[PDB]
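Beneath this line is the structure, given in structure tokens, with notes to follow.
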Ligand SMILES: CC(C)CCC[C@@H](C)[C@@H]1CC[C@H]2[C@@H]3CC=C4C[C@@H](O)CC[C@]4(C)[C@@H]3CC[C@@]21C
Ligand SMILES: O=c1[nH]c2cc(C(F)(F)F)c(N3CCOCC3)cc2n(CP(=O)(O)O)c1=O
Ligand SMILES: O=c1[nH]c2cc(C(F)(F)F)c(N3CCOCC3)cc2n(CP(=O)(O)O)c1=O
């Protein structure tokens, strides 16, 4: 969504539209969706393990999907930023031009959500070892 | 000049000189078997089985990556010999594997004697061969 | 009108005469009129074409057409000495030697690879490290099990040598003279090899050294990655077509067939496609405008190699004149006195733009390979732990 | 098949990054791959910190200040300037000295103008 | 060819490309041309072949004969042909010799440890003699060293750039207090 | 007594290995700065050839 | 190749054999110069050097 230079409030959905590239982030694009899919599985499996605690394996296996969701967020954020940095690299050198990229508040949320699955994926393993030594 | 191929002939000379020692132990063990002992000769050979068949397995992966297709080929007849010798004739073991549960037969023992002199003859062939292509690649 | 030759001055509205026009062939025409002796009158051709014979009407098409009929007396212009023009007009000896040249984009840094961290050591070394790694771990095994003092299995001898290579020693160490020689020379290895990795990476990031992918036309000929391209109707495309030599045959059969069309319609568009390529398009141009567009903002282009043919620009007169012999002797005088060369440094290289380090931080792109090997190595170890759990517990 | 809690797994990996080997090490091939690729990570990252810092401190040490007109003659990233009347222009104009020829060559053809109209304006630009 | 990168002979382009493509392949050409000259077929002043030779040379330029005859003599009949930014196995190469020579040293020590300790399974007199012999030899060697003057050799001379051979001006076999 | 011998030997090797790494980095930088002759202007400055 | 001396003003060589009648044509590396163009007629350059 263009914001100040020719304030074109038309939000270009990049798939079919039309200077920058900004389809550089299509390689990065699957990995937050893969991680959100693995995390949503883990939320199903950790809740039903709390609903039925007569099984224990539902707790530890939900612990894996949280931790797999985190490793899909790292490769997400690494390949996101690595796709950025080699496009501010391919800019013809000049003293009348400046590029200033700056990450925003949805980049922080995917960064914070890394810390919360690695937290909950750790805590779903301690919940397993307490539940498995119970039965 | 020192290249990756030339390093592969150095390190295989270092290791096949430890392979000739595995088969000089293989001749001296069965020779003291017939002149005189089961569990002693059972143990000391089996711990020197999978070391022997895998250091040579290291060689076959070494000359592959060095793109030395000749010396890769000259170890192929021993590799599938080794591949048959572990997969077939396992007889039972139920441990690491090879060579010994209740041997005591002129069939199996001379077959171990067929090994003993052949493995020494093949590896001493390789040591002077590996020294040949090492010195060859270094000065070329 | 073509730069760095005659061009309209910035105040061409207010001025009049021989002062509206500036450039190489205004300074050249002033020097021809000094050594010959006359008063010149700069007259831009009405057609704006250099000169060519029309198909069947047989009337010429520009500056050649003005000299043949009556409309001019001399053409001090970038006019190529060809065969079909010498038959009608009389050229001087060349005031400028040139030819077909190669224009590329100025070689930038890279896009840093996904295994670009391996660059300070050659791939011959990184393989020698891996096989000396196993070769030491095998020797540390054999010498610890046979000839004991045990703890160094092949599982533990690979782990001791990994900690020794990765500069982080382990909670095992050999206790025999034989095992401590294996440890000691593998420790000397990893001191030198890792000091050589850091030092060569310090040499990289300090001295930045760009290379051109192609540096001749033969090195253009034996590739498939970078595309060629000339103008669609000129002496350049007609050069590669009727050539027979060795390489320009191969450089024609590529350009003839391979699509999207490498040919262009204007020099100004062909320079754009060099800059709209990030290094896959090489516009084959005539040597003098290639050195022009190199020295103009934005500085993005570069001439590589040497000229592909040799031709020349010459001052033309009509067939039979009292100017023809004095102008010819003027050009050879201005060549030896260095006037034609000091006017070359002026308009191409002095009356123009760009001239003759920063160490930005390492971006994530430079070391993005080890973040992929890490997570790929964490994903591989979660596979092995599942395989271990099945194999152990079920049996 | 522990000694590795999360408090001891977070501690093994500080000491693996900060290249200071800890008391405990993984004993399973599952854990000795996590230990292995984390060691290769920190081997590259610390070598890339040391050698980029060595590339900073070398290049800022190469930066030599202006100490002549010949040092101005080569380095055309610092712009010249001369008051736009009088004998300082007329020195560089009619000069036939090699350095001062190249200095007038830059100053006559440059945009925006290096030629200031007043001394107090030219000091202000410095 | 002899000065090892100290001398740069400024000559004609076509003699430079000849000598470059000529055995031994030792010299090369860098940069571009410094001026621009030309070779010409030359008629007396008023010859009949002033115009047909002029139209011949331009016809051979366009057909490519002058380039075909250029590739034949300078390059085809020329006895030649036609950096990687990284440490190779020639820079770090003694390291692989110390490593392999250390592994070969270690396994012959494992042979000696095996033979010495298998026959061990099957004193004060030694340390008394080994302490005294290594002392009196150490007393002997430093005693010789301090007195005798062959600590440092010192040769100062001049360069003679023909062969880059040298000639001494000074030579020492100095010592601790004796030149 | 022994933790001083251990201590000053560690400071020794800290300086020596940092001096090997950083002198090798001073070799490979300076040989990388060595640009060959590519013009007459490059001959014009470099009067060692 | 060809050069006039200031003393006798007589060319020596291939330029001398064209001016003083000995030759008809001089296919050779005869460099197109000013002082030669006034006495002989060079063609267009067959080689730029
Ligand atoms: C670390 C490097 C320098 C290796 C040094 C070992 C050298 C000096 C040599 C190689 C043959 C060795 C021998 C090898 C092993 C035996 C048996 C052991 O019970 C004590 C050491 C002893 C008696 C020898 C000591 C030293 C020795 C003479
Ligand atoms: O006599 C000729 N002299 C020419 C001189 C030049 C220039 F270099 F600009 F001086 C150019 N251009 C080349 C670059 O794009 C702009 C025009 C074309 C010329 N042409 C047409 P061509 O040679 O058939 O292509 C002639 O005919
Ligand atoms: O005779 C001259 N004596 C000058 C003396 C001085 C001063 F130093 F201030 F005394 C100055 N300034 C220096 C800078 O501009 C403001 C005044 C100019 C002088 N000028 C003009 P010039 O042509 O620039 O030399 C003369 O002509």
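Residue numbers (the authors' numbering), protein chains in the order written: chain A, 890 to 907, 919 to 1035; chain B, 2 to 37, 56 to 159; chain C, 401 to 549, 569 to 775, 782 to 820; chain D, 548, 569 to 693; chain E, 694 to 775, 783 to 822, 833 to 889; chain F, 597 to 645; chain G, 450 to 498.
For each residue, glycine too, the CB sits at the ideal point set by N, CA and C.
Query, Result
"CB contact check: residue 528/C to chain E, cutoff 8 Å", "yes"
"Residue 737/C - DSSP class collapsed to helix/strand/coil", "strand"
"Closer than 7 Å: residue 603/C CB and nearest ligand 1 heavy atom", "yes"
"Short-range partners of chain F found in the segment 490-505 of chain C, where Cβ spacing is below 8 Å", "none"
"Nearest-angstrom beta carbon gap, residue 75/B and residue 20/B [assumed within contact, 8 Å]", "7 Å"
"Proximal residues to residue 89/B (C-beta, below 7 Å), its chain only, five neighbours per side dropped", "none"
"Exposure label - residue 556/C; buried when at least 16 CB within 10 Å", "No atoms are given for residue 556/C, which sits in the stretch of chain C between 549 and 569 that the model skips."
"Of the residues 1004/A, 1026/A, 986/A and 979/A, the one placed nearest residue 961/A, counting alpha carbons only", "1026/A"
"Contiguous alpha helix (DSSP H) assignments of at least 4 residues, all confined to the segment 582-626 of chain C", "596-625"
"Distance, residue 578/D Cα to residue 794/C Cα", "25 Å"
"Contact shell at 5 Å, judged by CB to any heavy atom of ligand 3, ordered along the chain", "653/D, 654/D and 686/D"
"Sequence-distant residues of its chain with Cβ nearer than 8 Å to residue 454/G (five each side left out)", "461"
"Rounded C-alpha distance that separates residue 765/E from residue 710/E", "13 Å"
"Residue from 924/A, 990/A and 956/A whose Cα sits closest to the Cα of residue 980/A", "924/A"
"Separation of residue 547/C from residue 847/E, as counted between CA atoms", "35 Å"
"Backbone CA spacing between residue 852/E and residue 629/F [nearest angstrom]", "47 Å"
"Start and end residues, alpha helix (DSSP H) containing residue 544/C", "523-545"
"Residue 877/E - containing alpha helix (DSSP H), residue span", "Here residue 877/E belongs to no alpha helix (DSSP H); instead the beta strand (DSSP E) covers 875-880."
"Spatial neighbours of residue 655/C in its chain, beta-carbon cut-off 8 Å, leaving aside the 5 residues before and after", "500, 649, 703, 704 and 705"
"Interface flag, residue 488/G vs chain E, CB-CB below 8 Å", "yes"
"Those residues which DSSP pairs with residue 497/C across a bridge", "731/C"
"Partner residues on chain C for residue 974/A, Cβ-Cβ distance less than 9 Å", "796, 799 and 800"
"CB contact below 8 Å: residue 457/G versus chain E", "no"
"Per DSSP, cross-strand counterpart(s) of residue 850/E", "Note: residue 850/E sits in no beta bridge, so no partner."
"Cβ-heavy atom distance, residue 813/E to ligand 1, below 7 Å", "yes"
"Buried versus exposed, by CB contacts within 10 Å (16 or more), residue 690/C", "buried"
"heavy atom of ligand 2 below 7 Å from residue 478/C C-beta", "yes"
"Contacts of residue 482/G in chain C (Cβ-Cβ under 8 Å)", "751 and 755"
"Residue of 450/G, 477/G and 457/G minimising C-alpha distance to residue 464/G", "450/G"
"Rounded separation between residue 617/D and residue 818/C - CA only", "46 Å"
"Residue nearest to residue 479/G in terms of C-alpha spacing, selected from 469/G, 498/G, 470/G and 471/G", "498/G"
"C-beta neighbour in chain D for residue 578/C, strict 8 Å", "yes"
"Partner residues on chain G for residue 729/C, Cβ-Cβ distance less than 7 Å", "497"
"Cβ of residue 636/D within 8 Å of any chain F Cβ", "no"
"Supposed close pair residue 605/D, residue 799/C - CB separation, criterion 8 Å", "7 Å"
"Cross-chain neighbours of residue 699/E in chain F, by beta carbon under 9 Å", "644 and 645"
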